[PDB]
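One chain follows as structure tokens, the form deposited in one PDB entry.
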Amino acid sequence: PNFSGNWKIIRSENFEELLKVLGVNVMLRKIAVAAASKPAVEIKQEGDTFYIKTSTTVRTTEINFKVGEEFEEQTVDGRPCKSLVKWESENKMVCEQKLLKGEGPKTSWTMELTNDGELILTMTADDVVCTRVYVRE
């Protein structure tokens, strides 16, 4: 199971709602969801080592990690957090994250490939799930 390649989103569910669970700048959502409606994921995998760039218009973030080694990043609302990636199976990984300094809803993100060659990326902030589906472009 190799996740590397250029991915294009073809499906998306419960995203603006997930945002409310965090209480994001309501008004910007239209403008932001308009850019975030087309987030292009670029992945480079080399064993347990991953390079993931998530770009949209006006925004570009990159993360680098190795399965099992903690690293810091940011929650969907911009809060810094320490994260740890574990393998569920050979094609599904799960990231558990915890806020560095502060308090808020418990978050995480899973990532998996299907036999069909689709990248399913879900994000669950507490009990609210947000699913995005990608396809190798």
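Note that residue numbering follows the sequence shown and begins at 1.
In what follows, reference is made to the form solved in complex with a small molecule, a form of this protein that is not presented.
Against the small molecule in the deposited complex, the set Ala32, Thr57 and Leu121 is in full contact: each member has a heavy atom within 4.5 Å. Checked against the small molecule in the deposited complex, the residues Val67, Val94, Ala36, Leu99 give one hit for a heavy atom within 4.5 Å, which is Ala36. Contact annotation for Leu28: at least one heavy atom lies within 4.5 Å of the small molecule in the deposited complex.
Contact annotation: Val76 falls within 4.5 Å of the small molecule in the deposited complex, judged by heavy atom distances.
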